[PDB]
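Spelled out from the first residue to the last, the chains are:
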There are 4 protein chains.
Amino acid sequence: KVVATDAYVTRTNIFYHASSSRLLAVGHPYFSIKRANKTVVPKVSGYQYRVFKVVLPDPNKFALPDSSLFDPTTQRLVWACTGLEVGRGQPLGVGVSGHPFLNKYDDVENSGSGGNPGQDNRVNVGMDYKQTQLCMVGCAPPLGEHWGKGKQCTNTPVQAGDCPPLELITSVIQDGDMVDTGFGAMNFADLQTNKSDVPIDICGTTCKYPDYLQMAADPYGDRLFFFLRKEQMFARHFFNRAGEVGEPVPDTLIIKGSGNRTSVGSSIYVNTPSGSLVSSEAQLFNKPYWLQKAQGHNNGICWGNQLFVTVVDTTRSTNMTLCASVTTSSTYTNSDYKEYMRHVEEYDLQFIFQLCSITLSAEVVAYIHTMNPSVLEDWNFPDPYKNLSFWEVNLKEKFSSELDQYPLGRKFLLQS
Amino acid sequence: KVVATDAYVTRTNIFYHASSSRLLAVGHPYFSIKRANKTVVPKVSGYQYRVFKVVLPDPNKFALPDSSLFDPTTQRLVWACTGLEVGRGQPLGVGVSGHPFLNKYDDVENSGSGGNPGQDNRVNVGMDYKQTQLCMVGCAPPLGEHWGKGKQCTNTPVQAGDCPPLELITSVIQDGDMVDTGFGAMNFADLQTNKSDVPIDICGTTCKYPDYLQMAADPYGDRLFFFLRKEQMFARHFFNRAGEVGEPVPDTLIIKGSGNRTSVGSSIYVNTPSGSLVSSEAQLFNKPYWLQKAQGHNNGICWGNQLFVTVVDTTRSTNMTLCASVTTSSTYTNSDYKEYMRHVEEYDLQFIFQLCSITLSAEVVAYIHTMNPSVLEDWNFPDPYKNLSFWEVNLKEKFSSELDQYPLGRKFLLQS
Amino acid sequence: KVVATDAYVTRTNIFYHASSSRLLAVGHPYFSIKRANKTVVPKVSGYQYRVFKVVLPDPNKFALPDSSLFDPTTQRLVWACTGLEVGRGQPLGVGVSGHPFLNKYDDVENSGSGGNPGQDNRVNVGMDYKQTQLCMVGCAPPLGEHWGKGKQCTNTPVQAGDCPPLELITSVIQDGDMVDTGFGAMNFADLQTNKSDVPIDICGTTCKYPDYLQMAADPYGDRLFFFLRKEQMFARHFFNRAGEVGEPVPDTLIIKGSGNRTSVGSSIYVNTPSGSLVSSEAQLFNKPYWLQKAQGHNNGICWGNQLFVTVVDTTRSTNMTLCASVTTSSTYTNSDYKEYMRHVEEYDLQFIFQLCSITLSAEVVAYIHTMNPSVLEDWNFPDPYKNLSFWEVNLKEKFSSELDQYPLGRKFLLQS
Amino acid sequence: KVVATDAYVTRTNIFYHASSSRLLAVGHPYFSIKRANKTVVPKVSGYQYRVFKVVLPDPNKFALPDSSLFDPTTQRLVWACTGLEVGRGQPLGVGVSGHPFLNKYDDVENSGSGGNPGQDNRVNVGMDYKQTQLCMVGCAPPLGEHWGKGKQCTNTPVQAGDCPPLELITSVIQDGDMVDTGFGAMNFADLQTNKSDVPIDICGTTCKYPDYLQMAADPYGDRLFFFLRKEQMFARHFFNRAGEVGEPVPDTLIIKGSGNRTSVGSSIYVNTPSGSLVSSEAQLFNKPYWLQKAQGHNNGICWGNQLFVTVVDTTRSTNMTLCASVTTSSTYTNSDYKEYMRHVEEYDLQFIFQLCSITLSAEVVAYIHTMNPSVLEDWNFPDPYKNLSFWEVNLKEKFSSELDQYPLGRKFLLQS
């Protein structure tokens with residue numbers, strides 16, 4: 001019932017290059033800065049999803065060299081993505097996140113400690129996150145999965161303070177969403193009510209992980225033209241949580257003691273992640289990718305003259321430390337200086353598209369009415385994505401037919 | 001509009017070898033030594049850019065074997081780089097930098113510590129930097145990028161002690177500039193006013209990172225004939241900064257405590273880098289590289305009879321410790337000895353050039369008037385780089401036509 | 001002017017095998033043991049150069065099967081090295097060196113420490129060195145480079161206790177010389193007068209590193225038939241030196257404090273090395289090497305009927321601990337036992353040579369008078385190396401024409 | 001003089017499969033358990049040599065399908081090994097050894113410690129050994145080398161407590177002998193008289209390392225049909241020995257201090273080994289090996305109808321902990337439980353042999369009289385190995401001609 005685009009989308013020899021030029025994002029790696037109402041400094045972190053909404057010029061209204069390529073009736077034009085290079089322009093490095101009141105009790109990796117459960121045992125702890133690189137391309141935004149406070153309730157009926165029901169929520173990955181760290185893809189705002197179990201840059205948001213299985217199993221495959229990924233982490237340190245154990249260890253699994261002791265220690269264990277080594281050999285970016293064959297049926301056809309490119313790059317997450325002097329005392333005094341956190345991201349999106357025509361027979365128009373019907377409406381033969389948030393990359397007025405005048409174009413001529 | 005050099009630069013069969021012989025740089029790995037006015041011992045560190053300005057003899061005035069190769073009118077000569085080997089002659093190793101008053105408060109990697117914010121909490125801390133290898137070649141100096149105190153100001157209007165505006169500054173990489181370490185490419189002299197947030201060898205200078213995106217996107221491509229790079233690092237330790245937090249954690253993200261505590265700990269986290277293992281298998285140097293095809297349109301043509309070779313090598317950054325005796329007491333007394341820091345760099349630049357002629361038609365002269373016009377002025381058909389500082393490598397009177405008498409020449413005959 | 005040996009040295013079909021049998025070196029890994037005048041136990045350490053002087057029988061005086069191969073007049077014979085296998089016969093492992101009075105002040109990697117500068121702050125510290133594997137072959141001994149107290153002086157004129165002038169000294173690598181460790185290639189006896197900055201096994205000697213650049217740039221190339229190398233290390237720990245800072249941190253680089261503090265901490269940082277993992281996959285030895293093509297012009301011709309084979313192997317540096325009982329008290333008492341340090345090295349040098357003849361014309365005799373003139377004098381057509389120290393390997397009376405009777409010979413028949 | 005078996009041993013087309021089935025060894029990883037006279041629980045450790053003496057049925061008395069293959073006179077039969085797979089059937093893991101009274105004084109890796117030399121400074125310390133995998137095959141038992149108390153004496157003449165003379169002892173590796181661990185191949189029972197310098201599982205025995213050089217240099221090569229090996233380790237921790245320094249540091253190498261200090265610290269350094277990561281990709285076993293070509297002259301001929309298979313596998317050295325309850329008090333009391341150490345090893349030896357005949361001419365009988373003469377005596381044309389200890393693997397009555405009924409046989413049909 002669902003057929004590949006190669007059956008009804010004819011390819012041409014017309015290729016175009018389009019570069020987004022340098023794209024810079026400068027902000028705070030932990031939280032947005034609002035004074036007094038709206039944001040003044042945005043939240044820019046290396047562990048954020050960069051979902052670029054690349055807008056392409058309509059080929060049916062494009063200033064083509066000759067209009068004899070197609071007939072205005074029965075035929076329509078659409079762009080097809082054949083080349084891509086996501087350039088990164090920052091030094092490799094690892095950034096750290098932390099929490100001045102992290103719910104850490106005792107370092108459980110080695111031993112300790114006797115009995116000091118009290119009012120507040122939160123400690124100021126910092127850490128580095130898991131290393132994650134990924135990039136996807138499609139004509140529809142990607143799908144992410146995360147565990148959130150589920151609809152109440154499986155079984156019945158009573159509160160309170162009990163464990164919340166878990167539900168795997170599939171959603172659209174927006175630009176600015178947090179990637180997984182070292183604690184899973186979950187909604188920490190709802191599942192961790194103490195605002196102190198994970199570092200401050202994720203304790204009030206949600207970590208989303210790409211739903212590769214769902215996006216690959218969809219019929220048309222408009223969300224995954226291709227994808228590349230590299231995740232790596234190891235267990236840095238171990239510790240236990242402070243507070244009451246909601247579900248204690250059964251009696252059969254622990255022989256109670258002990259004169260002293262007698263109180264079962266906190267058995268809620270969590271480990272800090274670590275991204276380990278970052279290297280140039282492990283880089284996914286700064287090198288071109290040619291969409292020879294797509295995994296889905298959509299073989300790189302940018303329906304609606306748009307292209308969604310998702311990028312996650314934690315290998316350039318270095319957080320710069322700024323220090324401004326309020327005064328200069330005769331001696332060194334900490335009260336004279338203010339410390340600031342700043343992070344930067346540099347991108348250069350380069351694309352190479354192939355012009356394609358579609359002969360609209362009665363069967364083709366029927367097949368295109370199903371699937372996305374707006375494809376026919378925009379062809380003359382409201383956008384539901386205005387509620388989401390993407391990094392708009394306007395590539396209209398950026399298309400060029402002189403391929404050899406650009407780096408990606410030169411690489412295209414000498415390859416494929 | 002921009003065409004490759006292969007269209008208007010004809011190749012010959014005449015090849016020449018030129019070696020810089022042994023080049024030695026001995027100095028202090030942390031700072032220059034000035035007594036009393038000018039420097040007596042230079043600052044020589046493995047984490048510095050080595051930008052060699054190789055001066056080539058003018059082939060139009062060269063004592064060629066036969067002048068019948070070209071006509072003095074309508075034709076001019078120019079050198080083309082075809083072979084290169086950057087030889088390093090020191091043992092592999094890692095050097096350390098430090099600061100006797102580094103702005104480190106508490107080791108935040110594990111836990112701690114209660115409440116000791118005071119006048120001066122700076123500690124004597126040392127560390128090793130991120131491992132970075134790179135080498136570039138072009139007929140124009142390379143471009144580096146770094147973050148500096150930006151032009152004031154985006155938004156308005158008031159001081160003081162606030163976070164300084166950030167601006168991505170692209171500049172020319174001079175010989176002696178610092179490569180990125182584990183804290184980004186920034187101007188620490190302006191962005192960190194306490195002179196104590198990073199080790200002493202970078203706290204008063206600027207770390208520059210190559211702007212690969214801009215140099216690759218340049219029309220003529222005079223700055224990137226080719227490049228090789230290898231960067232790697234991991235997070236060694238974590239800590240927080242002392243002093244006032246310029247931007248506090250939002251009220252929404254932390255549940256305030258605590259009887260005691262009540263003061264939110266320092267939430268300015270930065271991690272020390274570490275270059276990890278250095279090995280012979282990871283070396284980029286001591287092996288020849290042949291410029292088969294250039295990424296830009298300039299296919300290795302050394303316009304102006306000069307060649308800029310940039311080199312970064314942190315794999316031989318070992319800092320030697322010297323100890324001189326002032327006296328020899330009966331027992332061992334530290335007051336009898338002076339300790340010194342010394343670092344050395346050994347280079348051997350080997351090149352192999354190809355002679356080329358250019359038929360100067362009306363179109364060729366026109367195309368060469370645009371781009372660099374001095375190419376025509378020097379051909380008889382002020383230097384803006386005298387304000388910068390490069391390692392001058394005079395290869396005039398060093399060209400030889402006997403290729404088999406040199407190592408790189410021997411490798412050239414049996415290869416390519 | 002300099003031509004390869006392939007032009008004037010004709011090859012034959014006569015091949016010979018020669019094995020040094022088992023070579024054992026047993027001694028002390030730190031220092032030689034002299035009682036009361038001369039050494040009783042030699043210094044045998046895995047970080048020493050093993051420079052074997054292999055003496056070959058004169059082919060002009062050899063009992064060849066038939067003398068009709070060459071004419072006694074106008075022609076002479078010489079051996080050419082075509083096969084080599086350096087067999088190591090000890091378990092892989094890492095040995096440690098140390099110093100009971102090492103000039104280590106504070107562990108500067110993490111933090112600390114306040115203010116304890118005093119008479120003697122030396123600590124008993126041990127460490128493992130950088131892993132280094134290398135092997136070379138030539139008809140002349142190899143050249144090593146190291147930094148020593150240079151000739152005084154560049155600039156003028158006064159003492160005392162100042163930093164000594166540094167000079168890169170090239171010398172001949174003798175059997176027993178120390179390889180670089182983690183503190184560089186320098187003459188610790190002259191540049192470090194306190195006898196306490198590096199462990200005891202290098203603090204009174206000199207660490208030499210091979211000058212690959214000079215030996216490769218040699219015209220005839222008699223010192224490098226070939227070479228193989230593998231170096232690796234990382235930064236284990238960081239610390240600073242005790243004693244007065246000979247070159248203080250410049251004022252412009254530190255903001256003076258602090259009520260307390262006020263005294264700038266020791267800013268002379270040096271890091272302990274570590275050879276990391278040793279594995280069988282990283283071994284260079286126990287496998288044959290065939291000299292197919294030489295980098296220099298000397299294509300494996302053993303002039304003077306001798307061959308210098310240099311070997312460095314730190315992957316078998318395990319130091320055995322011996323414990324001898326002086327008495328046996330009723331209980332355990334440390335005074336009853338003496339602990340000793342012992343290190344061993346097992347080698348098996350295997351060679352396969354090819355007989356070659358040289359037709360001595362007037363031009364050939366002239367070319368051989370220049371270069372090494374003793375080649376003609378010994379042919380009948382004082383040794384300057386008796387002042388140096390090499391491991392004499394007499395392979396006369398060890399040549400055999402039955403190749404299949406030996407391991408390297410069997411590997412030779414089935415290969416090359 | 002020595003010729004390969006291919007010259008006088010004719011091959012046939014008859015192949016047989018033989019499997020040892022599952023072989024299990026369960027015991028104590030540290031020491032044998034003797035109550036009261038003889039052993040009740042054997043010493044089973046992952047760091048032991050597994051030397052299997054595989055006994056083959058006599059082909060001259062074997063029930064072959066047809067006796068027309070050979071003539072009973074002038075011809076004899078012998079088995080030849082062509083396929084082998086040593087299957088391991090335990091989970092991968094690392095086991096630890098230790099000593100409740102290990103001769104460890106101060107942790108010398110970092111710093112410390114002042115002055116606490118006393119009666120007994122032994123500490124309870126545990127560690128993991130170096131990872132070692134190896135397997136060998138031959139018709140004669142393998143040769144191991146180790147350093148032992150040498151014959152007295154080189155030079156003369158006196159005791160006591162002095163360093164014992166070292167001698168490289170070559171011996172036969174028996175089943176149960178200890179492999180090298182991290183402290184070399186030596187006889188700890190004789191060279192370390194305090195019974196406290198190494199963990200308990202090697203402090204009273206001898207660690208043997210294979211003498212690859214000698215076994216490869218044997219004329220006939222009956223001991224090394226082939227071998228495979230993988231060794232890896234790194235330096236975990238550093239420390240010094242307690243007790244008297246038998247050979248002190250010379251005065252010339254240390255500047256004596258210091259008011260305090262004055263006593264030179266213990267300069268006998270030794271490092272704990274560590275096998276690092278064990279992985280499935282590094283496994284040598286559970287995969288077949290086909291003896292295509294032998295390194296020696298013996299091309300897999302099992303003289304005497306026997307086959308020696310040596311195996312070392314430390315990747316499955318996990319030591320299981322057993323806990324038996326003597327009583328069950330109301331609370332938890334350590335006096336109620338006994339802790340035990342247990343280690344297991346699972347093997348499955350699979351072989352595939354090729355039947356071979358030998359034409360006994362006058363020269364063949366002479367050549368076989370030399371070498372092993374018992375080969376002719378057993379052919380009718382006491383065992384010196386009964387004093388040693390091997391794992392007897394009786395493969396008589398286990399030969400099968402149906403190759404496809406077994407895993408190794410199936411792999412043989414589809415390979416070689």
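Residues numbered from 1 in each chain as written, not as in the entry; some residues may be left out. Chains lettered and ligands numbered in written order. Part of a larger assembly, values for the part shown. Heavy atoms only, no water.

- Looking at the PDB entry, chain A carries the name Major capsid protein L1, with the source organism given as Human papillomavirus type 6.
- UniProt, in its Sequence similarities (unreviewed entry) section for chain A, records the words "Belongs to the papillomaviridae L1 protein family." (UniProt positions renumbered as here; feature names shortened; annotations may be inferred.)

1. Remarks on the sheet that holds strand β12 (residues 178-179) of chain B
Hydrogen bonding along the main chain pairs the strands of a sheet, whether they run parallel or antiparallel.
Then step 1. Taken in spatial order, the 4 strands line up as β11-β10-β13-β12 (chain B) in an open sheet, and their pairing is mixed. The sheet terminates laterally at β11 (166-172) and β12 of chain B, the two strands that pair on one side only. (Pairing = 2+ DSSP bridges. Helix = DSSP H or I, 4+ residues; strand = E, 2+ residues; numbered from the N terminus.)

2. Structural notes on the interface of chain C and chain B
Then step 1. Taken together, the 86 residues of chain C in the interface contact 77 residues of chain B.
Then step 2. Across the interface of chain C and chain B, roughly 6,800 Å² is buried in total on both sides, 54% from carbon and sulfur atoms.
Then step 3. Among the residues chain C hides against chain B, the three largest losses belong to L213, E247 and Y269 of chain C. Together they make up 11% of the total.
Then step 4. Connecting chain C to chain B are 5 salt bridges.
Then step 5. With a shortest N-O distance of 3.0 Å, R22 of chain B and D211 of chain C are connected by a salt bridge.
Then step 6. In this assembly, chain C and chain B are joined by 40 residue pairs in polar contact.
Then step 7. Those elements that provide at least two residues to the side of chain C that touches chain B are β10 (143-149), β11 (166-172), α2 (212-216), β14 (226-240), β15 (244-245) and β16 (269-274) of chain C. (Contact = heavy atoms within 4.5 Å. Buried area = accessible area lost by both parts, 1.4 Å probe. Salt bridge = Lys/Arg side-chain N within 4 Å of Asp/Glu carboxyl O. Polar contact = N/O pair within 3.5 Å; in protein donor to acceptor, adjacent residues only side chain to side chain.)

3. Section: the sheet that holds strand β12 (residues 207-210) of chain D
Then step 1. In space, the 4 strands of this open sheet follow the order β10-β9-β12-β11 (chain D), with mixed pairing throughout. Among the strands making up the open sheet, the edge pair consists of β10 (166-172) and β11 (178-179) of chain D.

4. Details of the relation of the copies chain C and chain B
Then step 1. Between chain C and chain B, the superposition needs a rotation of 72° and an axial shift of 0.1 Å, giving an RMSD of 0.1 Å. A rotation of that kind, with that shift, is consistent with a five-fold axis.
Then step 2. Interface overlap between copies: only 9% of the residues of chain C at the interface are likewise at the interface in chain B, consistent with a contact formed by different surfaces. (Least-squares fit on C-alpha atoms.)

5. Quick notes on the nonpolar core
Then step 1. Residues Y30, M127, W147, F183, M186 and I202 of chain B are the most contacted members of the largest nonpolar core, which totals 59 residues.
Then step 2. In this structure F183 of chain B touches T318 and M320 of chain A together with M127, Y129, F188, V198, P199, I202, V270, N271 and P273 of chain B, once residues within four positions along its chain are discounted.
Then step 3. Counting residues in hydrophobic clusters, the runner-up holds 57 residues, among them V344 of chain B together with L134, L191 and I202 of chain C. (Core = buried A, V, L, I, M, F, W, Y, C linked by side-chain atoms within 4.5 Å. Buried < 20%, exposed > 50% of the residue type's maximum accessible area, 1.4 Å probe, protein only.)

6. A few points about helix α3 (residues 362-369) of chain B
Residue and element names in this part refer to chain B.
Then step 1. Listing the buried residues of α3 in full gives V364, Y367 and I368. Summarising the axial view, the buried residues of α3 lie within an arc of 95°, below the 170-degree limit, and thus occupy one face. Turned more than 90 degrees off the buried face of α3, the exposed positions are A362 and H369.
Then step 2. Of the surrounding elements, those touching the buried residues of α3 are β21 (337-359) and α4 (374-378). (Arc of directions from axis to C-beta.)

7. Some remarks on the state of the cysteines
Then step 1. A complete count under the given rule lists 0 disulfides over all chains for this structure.
Then step 2. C81 of chain A supplies the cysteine sulfur nearest to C302 of chain A, a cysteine that is in no disulfide, at a spacing of 5.4 Å.
Then step 3. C302 of chain B provides the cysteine sulfur closest to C356 of chain B, a residue in no disulfide bond, and the two sulfurs are 9.2 Å apart.
Then step 4. Given the relative accessible area of 0%, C356 of chain B is considered buried. (Disulfide = S-S within 2.5 Å.)

8. Topic: unusual backbone geometry
Then step 1. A160 of chain A follows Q159 of chain A through a cis peptide bond whose omega is 0°.
Then step 2. Mapped onto the elements of the fold, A160 of chain A is located in the loop between β9 (143-149) and β10 (166-172).
Then step 3. Of note, the amide linkage connecting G112 of chain D to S113 of chain D takes the cis form, showing an omega dihedral of 0°.
Then step 4. Checked against the element boundaries, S113 of chain D lands in the loop between β6 (96-102) and β7 (123-128).
Then step 5. For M371 of chain B, which is not a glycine, the phi torsion comes out positive at approximately 65°.
Then step 6. At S21 of chain C, a position not held by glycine, the phi torsion is positive, near 60°.
Then step 7. Checked against the element boundaries, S21 of chain C lands in the loop between β1 (10-19) and β2 (23-27).
Then step 8. Under the relative-accessibility criterion, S21 of chain C is labelled partly exposed at 36%.

9. As for the side chain of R410 of chain C
Then step 1. Considering the arrangement of structural elements, one finds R410 of chain C in helix α5 (residues 407-413).
Then step 2. Buried charge without a partner: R410 of chain C forms no salt bridge, and the closest opposite charge is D404 of chain C, 7.2 Å away.
Then step 3. Residue contacts for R410 of chain C: discarding those within four places in its chain leaves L403, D404 and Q405 of chain C together with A216, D218, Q295, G296 and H297 of chain D. (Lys, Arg positive; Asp, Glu negative; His and termini not counted.)

10. Things to note about the pairing of strand β5 (residues 75-88) of chain D
All names here are of chain D.
Then step 1. The buried fraction of β5 is high, at 14 of 14 residues.
Then step 2. Note: β5 against strand β19 (residues 337-359), 13 bridges, orientation antiparallel. In the strand pairing of β19, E85 is matched with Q350.
Then step 3. The pairing of β5 with strand β16 (residues 289-290) spans 2 bridges and is antiparallel. Paired with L84 across the bridge in β16 is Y289.

11. Thoughts on the side chain of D180 of chain C
Then step 1. Considering the arrangement of structural elements, one finds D180 of chain C in the loop between β12 (178-179) and α1 (188-191).
Then step 2. For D180 of chain C, a relative accessible area of 2% translates into the label buried.
Then step 3. A distance of 2.7 Å separates a polar atom in the side chain of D180 of chain C from a polar atom in the side chain of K130 of chain C.
Then step 4. With near-sequence residues (within four places) excluded, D180 of chain C lies in contact with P91 and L92 of chain B together with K130, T132, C207, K208 and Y209 of chain C.

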